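S.K.: This is the structure I want to talk about, given as structure tokens.
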2 protein chains.
Amino acid sequence: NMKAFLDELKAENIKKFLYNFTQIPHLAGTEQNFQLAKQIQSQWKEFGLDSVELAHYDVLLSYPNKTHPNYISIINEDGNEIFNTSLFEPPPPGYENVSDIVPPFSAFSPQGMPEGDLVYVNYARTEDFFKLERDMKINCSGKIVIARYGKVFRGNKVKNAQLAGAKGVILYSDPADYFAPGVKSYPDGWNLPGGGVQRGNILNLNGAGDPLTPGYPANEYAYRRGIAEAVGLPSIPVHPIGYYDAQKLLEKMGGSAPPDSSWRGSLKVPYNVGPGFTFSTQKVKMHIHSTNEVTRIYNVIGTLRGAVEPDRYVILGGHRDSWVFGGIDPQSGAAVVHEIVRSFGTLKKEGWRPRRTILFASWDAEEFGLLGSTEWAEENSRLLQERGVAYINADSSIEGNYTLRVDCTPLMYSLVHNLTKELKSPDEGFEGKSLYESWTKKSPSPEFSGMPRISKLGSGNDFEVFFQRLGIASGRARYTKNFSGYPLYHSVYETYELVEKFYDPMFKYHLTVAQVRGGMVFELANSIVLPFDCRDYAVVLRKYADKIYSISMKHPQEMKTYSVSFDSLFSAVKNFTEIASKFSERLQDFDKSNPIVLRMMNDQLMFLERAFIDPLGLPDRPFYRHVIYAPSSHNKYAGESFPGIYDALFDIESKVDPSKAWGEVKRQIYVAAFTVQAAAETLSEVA
Amino acid sequence: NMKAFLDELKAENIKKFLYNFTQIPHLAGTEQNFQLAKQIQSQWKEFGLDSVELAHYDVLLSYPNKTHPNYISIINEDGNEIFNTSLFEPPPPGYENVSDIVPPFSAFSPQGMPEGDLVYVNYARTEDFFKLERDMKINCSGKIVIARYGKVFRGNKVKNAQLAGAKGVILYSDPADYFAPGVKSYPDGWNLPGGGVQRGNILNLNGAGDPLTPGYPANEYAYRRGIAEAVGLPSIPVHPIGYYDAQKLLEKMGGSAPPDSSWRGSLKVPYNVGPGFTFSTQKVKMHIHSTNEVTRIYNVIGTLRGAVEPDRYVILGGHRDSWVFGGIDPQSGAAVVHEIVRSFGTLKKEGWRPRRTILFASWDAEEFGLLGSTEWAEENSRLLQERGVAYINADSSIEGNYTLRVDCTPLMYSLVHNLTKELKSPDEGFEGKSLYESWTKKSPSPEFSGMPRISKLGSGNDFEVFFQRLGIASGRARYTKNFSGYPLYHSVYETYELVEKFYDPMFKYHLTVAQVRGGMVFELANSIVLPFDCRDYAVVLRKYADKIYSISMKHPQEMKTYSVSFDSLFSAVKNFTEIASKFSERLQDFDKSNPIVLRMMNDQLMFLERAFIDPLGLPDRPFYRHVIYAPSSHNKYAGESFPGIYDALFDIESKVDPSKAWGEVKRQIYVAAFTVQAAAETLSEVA
Ligand SMILES: *[C@@H]1O[C@H](CO)[C@@H](O[C@@H]2O[C@H](CO)[C@@H](O[C@@H]3O[C@H](CO)[C@@H](O)[C@H](O[C@H]4O[C@H](CO)[C@@H](O)[C@H](O)[C@@H]4O)[C@@H]3O)[C@H](O)[C@H]2NC(C)=O)[C@H](O)[C@H]1NC(C)=O
Ligand SMILES: *[C@@H]1O[C@H](CO)[C@@H](O[C@@H]2O[C@H](CO)[C@@H](O[C@@H]3O[C@H](CO)[C@@H](O)[C@H](O[C@H]4O[C@H](CO)[C@@H](O)[C@H](O)[C@@H]4O)[C@@H]3O)[C@H](O)[C@H]2NC(C)=O)[C@H](O)[C@H]1NC(C)=O
Ligand SMILES: *[C@@H]1O[C@H](CO)[C@@H](O[C@@H]2O[C@H](CO)[C@@H](O)[C@H](O)[C@H]2NC(C)=O)[C@H](O)[C@H]1NC(C)=O
Ligand SMILES: *[C@@H]1O[C@H](CO)[C@@H](O[C@@H]2O[C@H](CO)[C@@H](O)[C@H](O)[C@H]2NC(C)=O)[C@H](O)[C@H]1NC(C)=O
Ligand SMILES: *[C@@H]1O[C@H](CO)[C@@H](O[C@@H]2O[C@H](CO)[C@@H](O)[C@H](O)[C@H]2NC(C)=O)[C@H](O)[C@H]1NC(C)=O
Ligand SMILES: *[C@@H]1O[C@H](CO)[C@@H](O[C@@H]2O[C@H](CO)[C@@H](O)[C@H](O)[C@H]2NC(C)=O)[C@H](O)[C@H]1NC(C)=O
Ligand SMILES: *[C@@H]1O[C@H](CO)[C@@H](O[C@@H]2O[C@H](CO)[C@@H](O)[C@H](O)[C@H]2NC(C)=O)[C@H](O)[C@H]1NC(C)=O
Ligand SMILES: *[C@@H]1O[C@H](CO)[C@@H](O[C@@H]2O[C@H](CO)[C@@H](O)[C@H](O)[C@H]2NC(C)=O)[C@H](O)[C@H]1NC(C)=O
Ligand SMILES: *[C@@H]1O[C@H](CO)[C@@H](O)[C@H](O)[C@H]1NC(C)=O
Ligand SMILES: *[C@@H]1O[C@H](CO)[C@@H](O)[C@H](O)[C@H]1NC(C)=O
Ligand SMILES: *[C@@H]1O[C@H](CO)[C@@H](O)[C@H](O)[C@H]1NC(C)=O
Ligand SMILES: *[C@@H]1O[C@H](CO)[C@@H](O)[C@H](O)[C@H]1NC(C)=O
Ligand SMILES: *[C@@H]1O[C@H](CO)[C@@H](O)[C@H](O)[C@H]1NC(C)=O
Ligand SMILES: *[C@@H]1O[C@H](CO)[C@@H](O)[C@H](O)[C@H]1NC(C)=O
Ligand SMILES: O=C(O)CC[C@H](CP(=O)(O)O)C(=O)O
Ligand SMILES: O=C(O)CC[C@H](CP(=O)(O)O)C(=O)O
Ligand SMILES: [Ca+2]
Ligand SMILES: [Ca+2]
Ligand SMILES: [Cl-]
Ligand SMILES: [Cl-]
Ligand SMILES: [Zn+2]
Ligand SMILES: [Zn+2]
Ligand SMILES: [Zn+2]
Ligand SMILES: [Zn+2]
């Protein structure tokens, strides 16, 4: 039963697994990552799984040149390189020994050696560039942009920059965002040293997976696009730096004041916007020599065969590749999955099987754009779309230690509420209380009433292809602090010791996340009726219809002129509410003894997420096919609701053909109303 | 049981229903068609169906102007209209009374009054226009084209013509194609009078359905494209004529000889290719004033709820709208469905239910581009794709009386072989023999050995959206003669009397088709294991891989230069063969007493057709998503195999960038190999 499963999970095992996974770097595409894959595969096998395979793909990755390193220089009027950024981060204590730690770089940067004047853009958000090209009249064309990490996925920044005319982008971590007051720099606390740099890919894939093979798995005979038709590649050079190198680049900055305090970070510089220095006369020069190359990656796929519904799949998945040691990102999640597997494997050895098939993935090349999960799902899309019950992600278990952070489909809200009431809170001062209670006290619902917050799914992690492309019900759960990443994110300093010393010394937060993650997978794979509640979707559809309506209503004159009505969407939502309500009644009133009727009802619950998929995709985003949710076009990490309408409405005041534009709003309202109505009809009596 | 069902079908009932359906015209969008819909709905209800609804859509139709009729003129040097084509066909005996019979027109022609020189193009096939622009050097630009009906769908002709530069198209029926020797003109035989004209739409929809709403049902709040972005509309005027009016237009034709005898039909004219007349000096002038208009259509949808698997759908569908009386096209099929329904309804009244849900459709606006079936399937696509077992079409039951013509997915071959051996042949001189035997003797397999021919599915009928877009296993069966249509196709002369007197006086061929159609639907809806044989797909995949390979091999030098290999496709096919073979074994070896295992296996059989769908669609044909089959791009009526590769290879010698072109061949080989491999993997053990 469930308690047997939950009781078999040990904090000390997680600790032991995390330590094992963090001793050397496991960069995607390296032999070391391959060996960790082989090792996971052997162990998941010894743990009891019925089968464990490696699935590999040949995908575009990116790597710095070993003998021609990347850096940024201030040059002078003659071409003397006055200042030079780091070539590497100062390795932490006792790892000065590291074989090779990849130096900081922006994965998928083109090669280049541009120079020019600097313009500071804050976080390089859409609103930042609006304030700058619209209010301030500064002009980024031909400039090198310099932006701080935080707020939004760094891919959006590069795209915003690229589109505003920039010839290069420099990213850095500012202590305002990456140094929490009163805590020390690593190795003596969990803050980011002025020499720490955040690695990370800067693609805009929009769900495509491998850049060269959109639509189809990068298998042995894959046909690939030439790199010039590749998906998501930035066209200007980009490089990240720490805040020491940053001060050096920022302190000589001229032009206009920062437009206000929200543009100014913590270093002792003015945070002038530029362009150029006070100093005229010197320029910034970038040196980028990273190369893109097709490289083999490996997913580990374990299978625990279901006793009754083997042709129904509950998937627990998270990635194995790290930028360096992956002390938090991903091995604190990977060590949790290892212990979940060990625990299910234990029950199986004593002769239990779950009701449905459970699938366990160790994904590769996630850091490079969710490539392993995506290629695997393109290869197995027909199985997934007819057999896929749910997907539970398992990246970083902790990014803090204040409370639970849950993002999931509405179908799993009730499941998550019930599971957490059955779990002990590991929180100081809530001993003998449930996780539900601490989580609700600490992160209260905005909606209300006495409920916790649960957020929408966007992207930036491996659930993306399962939810956004395929319409498989998905959730994730981790411990969090009070979109920027904790301070030591994607740095050489994110190590086992960072976690053992400063994050979770007892491994008690890991154990909690293992219980929430393994708990969901257990209920999903074993409850006789799928634990989804379609009425929960009815409720959020109404909130999102209100929301998108309110946004349109900021423009009453155009709504009159063009006859923009939301009547069809509200009507659809009202029908989905009534039909879901009747479906719940039938679900309460039938005999679980009749298997075929059970299967029919479970198939309705199962295909309901699926009903929100449009096979034509969203406008310009063929791999984002869900109509209710998509990643924000301004921030991959953030979930947006009614994305088609949201984007047709965004900055609509600026389109030059208002009636073309409002026409497309109307078209999107129609697609949404229709999809919500069609989804609802999946829950009607079937004949 | 089956025999009870088959024995309840009566030839005399079919006769009575066909007579009832043919007394007045039932043109899509008219009140008369609406009343026939209401009537079908009441009767299917009295017959016993559990529910019967009307589903309506507002779609673009096309109609001649009542007070400004269409015709073609020869004008002279001054503008005197010397010759004028008919305004209508001479109505048949006793129907000179007809309320209104729509005059001959090409549905969806733009309006226009162009004049110019005539060029004769034979059947206006791709090869005809090749022979003419390549061999003969004649140039169709600014000319009016005149082409005979036959060989290919008239939409392709208009598209070929349009693309070759034409300013108008005139279609006519030539007696070579539409007058069988030794038979008389209607009313005294079944041949086409020199005053008969074939009506018909001339769209290129490529599966889109309603022109204005591709992707989504043309419901109440549908957003519609402006007519200029409508799908499939021809841009030059087109009008059809009989062979009397044709002789008048052809007899004065100048320019070059016909390139050979295959270009010459039966009228006493030279069949010169033009351009222009001998007569200089006079021109041809077209007068077209038809209008396009959004018009309401109605499908009748009856439901017979399944006793065990109600959430599994077997669909019997065919259209109700006719160009005029629809004596053969469609009411000889519609009267068969009426009798099938009556018969199932009888069993139900005695307390039987089929195992699966059976759905019965009377589709509207088929003649106008399969619009009713398509809109309905877009509206209900999520139900269809998860619950759809099979679709059996039911258009014209007879287009002759020589033998059976069956087109279907390979999955149904074995079903059709077994059903026909259990059926009496209605053929003169095969009394006491089975339909299988007459059908095999009369239409022998080309493949071999002692098997009948079964052809591929293309399009030109209502199964299109179910098979080509959705991947639902589909078949059709009718009686045929020894792609052009019988002689009285889409003419005022296709009447009840044409059928009672000359086609099927006993109604014995109708009864046979009712038995083959209702027989399939019965087995599909009642057999405990779905009657599909996946090994039959294995066999044809190998033949098609051979075929497409041979076509590529007409170009060995390019295959070397570009490294074009079919190794992946053959490998996929070989694996599909082995895995299908193992799947058959398991299907033989499991206990039908275990329902969940039964359901799992039926779901594999059911989703196997579905596995061949690519959600990205074929190149440029987003609504044709099946990878093994598509309608021919040169002839909608014809099925083509490995369409993606076939079209990348077609006329490849002429592409100006041979390596771009051969690259796309390679990409298509990859898509096909991958899809065949993925389809096969749906038949593997599921865990
Ligand atoms: C939510 O579910 C409800 C079903 O409970 C559903 O309501 C349906 O709405 C449509 C209109 O939106 C109705 O269709 C109408 O009724 C009949 C057809 O049976 C016609 O007379 C009407 O047509 C006339 O009026 C039209 C416009 O007002 C004209 O354009 C037209 O040419 C006619 O002259 C009209 O088609 C239908 O009756 C209800 N169904 C009910 C109440 O049972 C609603 O649409 C669902 N929401 C969504 C978004 O799907
Ligand atoms: C039909 O089914 C068979 C399975 O029975 C399947 O065969 C598979 O083919 C691929 C090659 O096409 C094999 O993968 C290889 O084997 C190992 C990985 O386990 C590697 O050593 C190989 O890689 C080396 O060589 C490559 C090229 O030759 C190099 O590019 C590469 O970098 C390596 O140095 C290679 O990946 C696989 O072993 C078999 N599976 C078997 C026999 O079990 C076949 O592909 C299926 N057909 C289709 C079209 O799917
Ligand atoms: C993590 O643990 C694994 C397995 O417990 C260690 O690898 C095993 O132990 C030794 C290492 O040579 C061998 O006898 C086994 O063959 C290894 N088993 C495998 C790979 O499954 C591994 O070395 C540990 N990693 C670290 C850095 O501690
Ligand atoms: C920053 O780095 C550059 C590159 O290594 C340094 O300039 C080089 O210096 C050597 C010897 O002085 C010369 O042979 C090269 O011509 C220089 N390379 C280039 C491309 O300029 C530079 O001195 C460094 N600057 C600082 C302040 O340390
Ligand atoms: C979460 O728990 C609640 C409370 O147990 C569950 O709702 C009950 O479920 C039973 C079983 O069908 C019903 O008979 C009760 O009427 C329900 N109570 C309420 C308040 O609805 C709910 O099913 C659980 N959610 C899951 C398991 O997903
Ligand atoms: C075809 O048969 C139908 C039904 O048998 C005829 O319509 C019915 O018969 C009379 C006609 O006014 C009425 O009492 C019924 O209400 C009609 N029933 C319906 C419409 O379901 C119909 O007129 C026949 N058509 C022809 C031309 O013979
Ligand atoms: C073919 O049809 C046209 C159109 O009806 C005939 O020409 C018309 O004749 C009347 C009276 O003679 C004139 O008022 C119109 O000007 C003509 N219309 C046009 C547009 O030309 C023509 O005579 C007919 N030709 C034959 C041979 O019957
Ligand atoms: C068509 O009929 C053949 C002959 O009856 C069927 O094949 C037999 O099916 C039974 C039932 O599984 C097997 O045990 C026999 O071994 C089969 N004989 C052969 C020659 O295969 C076949 O199943 C029928 N096809 C259908 C119903 O789709
Ligand atoms: C890296 O740069 C070296 C040293 O200058 C050069 O020889 C080599 O081409 C580069 N390797 C690649 C292509 O990354
Ligand atoms: C920015 O500067 C360049 C000239 O160097 C110009 O072409 C570009 O259009 C400018 N952008 C704006 C907003 O004026
Ligand atoms: C872990 O828990 C303590 C308790 O408040 C917290 O303040 C400390 O800073 C936490 N560690 C991190 C990395 O936030
Ligand atoms: C048909 O032509 C008539 C008569 O000349 C004209 O008045 C009317 O506009 C036309 N109707 C339409 C638009 O089909
Ligand atoms: C046919 O004629 C026109 C001139 O009237 C010309 O522009 C067009 O390109 C010609 N086509 C060919 C194949 O020469
Ligand atoms: C019907 O059957 C006879 C028997 O040969 C055939 O010759 C006759 O022409 C058929 N009718 C039609 C329309 O083909
Ligand atoms: O490519 C993405 O969508 C995200 C990759 C990675 C996700 P993770 O850092 O592993 O949480 C990142 O944000 O840089
Ligand atoms: O639009 C089509 O695809 C075909 C419509 C109709 C099919 P049918 O004549 O009813 O067999 C025709 O060929 O003109
Ligand atoms: Ca791919
Ligand atoms: Ca449509
Ligand atoms: Cl996660
Ligand atoms: Cl048919
Ligand atoms: Zn990461
Ligand atoms: Zn991660
Ligand atoms: Zn027709
Ligand atoms: Zn027809």
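Here chain A follows Swiss-Prot, giving residues 57-334, 337-540, 546-750 in order.
This deposition comes from X-ray crystallography, 2.2 Å.
The backbone N, Cα and C atoms fix where each Cβ goes, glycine too.
In case it helps, Swiss-Prot gives these features for our protein:
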CARBOHYD  A:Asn76  N-linked glycosylation site
CARBOHYD  A:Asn121  N-linked glycosylation site
CARBOHYD  A:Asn140  N-linked glycosylation site
CARBOHYD  A:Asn153  N-linked glycosylation site
CARBOHYD  A:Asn195  N-linked glycosylation site
BINDING   A:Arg210, A:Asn257, A:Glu424, A:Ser517, A:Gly518, A:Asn519, A:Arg534, A:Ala535, A:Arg536, A:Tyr552, A:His553, A:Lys699, A:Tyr700  substrate binding site
BINDING   A:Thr269, A:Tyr272, A:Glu433, A:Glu436  Ca(2+) binding site
BINDING   A:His377, A:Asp387, A:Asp453  Zn(2+) 1 binding site
BINDING   A:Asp387, A:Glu425, A:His553  Zn(2+) 2 binding site
ACT_SITE  A:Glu424  active site, nucleophile
CARBOHYD  A:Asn459  N-linked glycosylation site
CARBOHYD  A:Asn476  N-linked glycosylation site
ACT_SITE  A:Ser628  active site, charge relay system
CARBOHYD  A:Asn638  N-linked glycosylation site
ACT_SITE  A:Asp666  active site, charge relay system
ACT_SITE  A:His689  active site, charge relay system
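Quick one: where do these features end up spatially?
M.R.: DSSP gives A:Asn76 (N-linked glycosylation site) a helix state.
A coil conformation is recorded for A:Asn121 (N-linked glycosylation site) in the three-state DSSP classification, outside any helix or strand. The Cβ of A:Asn121 (N-linked glycosylation site) lies under 8 Å from the Cβ of A:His347, A:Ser348, A:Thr349, each of these being in the same chain and 6 or more residues away along the sequence.
In sequence order, A:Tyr127, A:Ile128, A:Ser129 constitute the residues six or more apart from A:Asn140 (N-linked glycosylation site) in its chain with CB-CB distances below 8 Å.
All protein chains considered, the CB of A:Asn153 (N-linked glycosylation site) has 6 other CB atoms within 10 Å.
With a cut-off of 8 Å between CB atoms and residues at least 6 apart in sequence, the same chain places A:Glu189, A:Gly221, A:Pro331 near A:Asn195 (N-linked glycosylation site), listed in sequence order.
Look at A:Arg210 (substrate binding site): DSSP puts it in a helix.
Around A:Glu436 (Ca(2+) binding site), taking its Cβ as the centre, 26 other Cβ atoms fall within 10 Å, counting all chains.
Under 8 Å, Cβ to Cβ, and six or more positions away along its own chain, A:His377 (Zn(2+) 1 binding site) finds A:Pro388, A:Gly391, A:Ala392, A:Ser420, A:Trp421, A:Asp422, A:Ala423, A:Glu424, A:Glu425, A:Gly430, A:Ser431, A:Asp453, A:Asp520. Look at A:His377 (Zn(2+) 1 binding site): DSSP puts it in a strand.
A:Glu425 (Zn(2+) 2 binding site) carries a helical DSSP state (H, G or I). Cβ-based neighbour count (10 Å, all protein chains) for A:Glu425 (Zn(2+) 2 binding site) stands at 23.
Residue density at A:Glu424 (substrate binding site): 27 other Cβ atoms are found within 10 A of its Cβ, drawing on all protein chains shown.
Reduced to three states, the DSSP call for A:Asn459 (N-linked glycosylation site) is coil. In sequence order, A:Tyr537, A:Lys539, A:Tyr566, A:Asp567, A:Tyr572 constitute the residues six or more apart from A:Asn459 (N-linked glycosylation site) in its chain with CB-CB distances below 8 Å.
All chains included, 13 other C-beta atoms sit within 10 angstroms of the C-beta of A:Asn476 (N-linked glycosylation site).
Around the Cβ of A:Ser628 (active site, charge relay system), the number of neighbouring Cβ atoms within 10 Å comes to 14. According to DSSP, A:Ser628 (active site, charge relay system) is assigned to coil rather than to any helix or strand.
Neighbours of A:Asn638 (N-linked glycosylation site), defined as other CB atoms within 10 A of its CB across all chains, total 17.
A:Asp666 (active site, charge relay system) falls within a helix when secondary structure is assigned with DSSP. Neighbour count (other Cβ atoms within 10 Å of the Cβ, all protein chains): 20 for A:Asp666 (active site, charge relay system).
A strand conformation is recorded for A:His689 (active site, charge relay system) in the three-state DSSP classification.
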S.K.: Select from A:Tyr272, A:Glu433, A:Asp666, A:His689 the recorded positions whose C-beta atom falls under 8 Å of at least one C-beta in chain B, and return them in sequence order or as 'none'.
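M.R.: Near chain B - Cβ to Cβ under 8 Å - we find A:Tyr272, A:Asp666.
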S.K.: Could you work out which of the binding-site residues (A:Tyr272, A:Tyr700) has its C-beta surrounded by the smallest number of other C-beta atoms within 10 A?
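M.R.: So among A:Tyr272, A:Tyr700, the binding-site residues given, the one with the fewest Cβ atoms within 10 Å is A:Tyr700.
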S.K.: For the recorded Zn(2+) 2 site formed by A:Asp387, A:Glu425, A:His553, name the remaining residues of the chain with Cβ within 8 Å of the site's Cβ center, in chain order.
M.R.: A:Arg255, A:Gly256, A:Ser380, A:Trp381, A:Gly384, A:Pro388, A:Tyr552, A:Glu557
S.K.: Let me know the whole-Å distance spanning the Cα atoms of A:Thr334 and A:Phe337; 2 residues are not modelled in that stretch.
M.R.: 5
S.K.: Suppose we draw a 10 Å sphere around the Cβ of A:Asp387 (Zn(2+) 1 binding site). How many other Cβ atoms does it contain, all chains included?
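M.R.: A 10 Å sphere around the Cβ of A:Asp387 (Zn(2+) 1 binding site) contains 25 other Cβ atoms.
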S.K.: Give me the non-local Cβ neighbours of A:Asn76 (N-linked glycosylation site): same chain, 6+ apart in sequence, Cβ-Cβ under 8 Å, ordered along the sequence.
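M.R.: Result: A:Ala393.
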S.K.: Within 10 Å of each Cβ, count the other Cβ atoms and name the one among the binding-site residues A:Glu433, A:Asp453 with the highest count.
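M.R.: Ranked by Cβ atoms within 10 Å, first place goes to A:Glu433.
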S.K.: Sequence order is fine: just name those recorded positions in A:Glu433, A:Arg534, A:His553, A:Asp666 with a Cα within 10 angstroms of A:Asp387 (Zn(2+) 1 binding site).
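M.R.: Cα within 10 Å of A:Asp387 (Zn(2+) 1 binding site): A:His553.
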S.K.: Under a three-state reading of DSSP, tell me whether A:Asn140 (N-linked glycosylation site) is helix, strand or coil.
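M.R.: In the DSSP reduction, A:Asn140 (N-linked glycosylation site) maps to strand.
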S.K.: Suppose we screen the recorded positions A:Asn121, A:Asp453, A:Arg534, A:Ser628, A:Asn638, A:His689 by Cβ distance to ligand 19 with a cut-off under 6 Å; which survive, in sequence order?
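M.R.: Once distances to ligand 19 are taken from each Cβ, A:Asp453, A:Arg534 fall under 6 Å.
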S.K.: Report the recorded positions (A:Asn140, A:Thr269, A:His377, A:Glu425) that meet this criterion: Cβ distance to the nearest atom of ligand 21 under 6 Å. Use sequence order and write none if nothing qualifies.
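M.R.: Passing the 6 Å Cβ check against ligand 21: A:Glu425.
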S.K.: Over the unmodelled segment of 5 residues, figure out how far apart in angstrom the Cα atoms of A:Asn540 and A:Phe546 are, rounded to whole.
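M.R.: Flanking Cα atoms, separation 12 Å.
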S.K.: Spatially, which candidate from the recorded positions A:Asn476, A:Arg536, A:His689 is nearest to A:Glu436 (Ca(2+) binding site), comparing Cα atoms?
M.R.: A:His689
